[PDB]
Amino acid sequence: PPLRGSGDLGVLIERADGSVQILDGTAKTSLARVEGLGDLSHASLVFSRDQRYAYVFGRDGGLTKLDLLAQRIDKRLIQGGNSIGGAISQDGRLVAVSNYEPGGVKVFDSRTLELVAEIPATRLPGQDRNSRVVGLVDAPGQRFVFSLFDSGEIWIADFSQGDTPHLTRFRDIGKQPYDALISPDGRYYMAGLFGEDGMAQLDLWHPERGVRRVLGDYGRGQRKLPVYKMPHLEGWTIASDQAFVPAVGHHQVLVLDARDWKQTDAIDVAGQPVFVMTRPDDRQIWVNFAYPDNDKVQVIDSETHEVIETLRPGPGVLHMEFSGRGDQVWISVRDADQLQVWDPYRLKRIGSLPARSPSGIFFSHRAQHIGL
């Protein structure tokens, strides 16, 4: 195809056919459909630092280096036991992916997808297995950070000095961390706890100070909810003074003081929130919901904490993505087979695109952001 910029290119997961659509953000058009990515029933992706490639992580353990400008699979591998939610290094040269079988982290060359290092997780007793790994993120200083669900640990893999990483292991951080996130500035790593309440906070500027428990009331409490009903921590959105986050098993969006990490408000919403995101200018908070309320998107004023409109794009709204500067918000409607574009300032739809069971929608500006 002809020359084009990479700044407005997006990748849409088509959930039921293992295919993706490459999108032109400015024109609001579909450039192509690419097939052969296997099981994208649940998928995540990151972008290369030049924004030409997407690294697609599938639930079949597949890692697809997708060439966005040539509209083709550049390279692809499949490793059973590889989880999704992988990350790309600060210098863009390393792609890290979690695995539950055996249990650990594998880091690959971003250019050739050749294995660079394997970090086995802590061994478990009575099993030919290691601990499951969750909450994998990239971090400043050529690091990856991740948590061990079964053993209760947060590890730092430091690749500053080349292909052999230097590990820093923190034990006894909390029972069963199920997920984690990295703060926008890349300073604080926080893993949510499933076997108990609170977050395991790690100051990456001062790892020597250890791990800190914060937000002690947040969690399943004494409720016996299964681990797959715990929130997506990518569904958190953190701002300067506040964080807007999904409640655990309640129809509330919690407002947290981000300096002391304590809840100060709870906004009643039309369902169990999954993803709580912010308009890039931080004025509004956008929320999607879990079934049976997953036909709605609610917009919340970040100042008054009040719901200002309830959108109904259609059945099965799974994911939302804003543009770099915020002139657009993209909303995938799975069971309508549409990818809708909306004006987040006029709260009006500005175009739809046919898609087959669309789910995740990602835009290449993520390439420039730690933790994305």
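Just count from 1 along the sequence shown to find any residue number.
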Of the two stretches 168-176 and 132-140, which shows the higher Cα B-factor on average in the entry? 168-176
Could you check the entry and say whether 206-214 or 259-267 has the higher mean CA B-factor? 206-214
Entry record, C-alpha B-factors for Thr237, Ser183, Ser160, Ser89; the maximum is at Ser160
Quiz for you: based on the deposited Cα B-factor, which of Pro280, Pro246, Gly192, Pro292 is highest? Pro292
Within-chain third of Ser359 by Cα B-factor, per the entry: middle
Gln284 - which third its CA temperature factor falls in, relative to the rest of the chain: lowest
By the recorded C-alpha temperature factor, relative to the other modelled residues in its chain, which third is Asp39 in? middle
Tell me, lowest, middle or highest third: where does the Cα B factor of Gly61 rank within its chain? highest
Of the three thirds of Cα B-factor ranks in this chain, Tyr100 occupies the highest
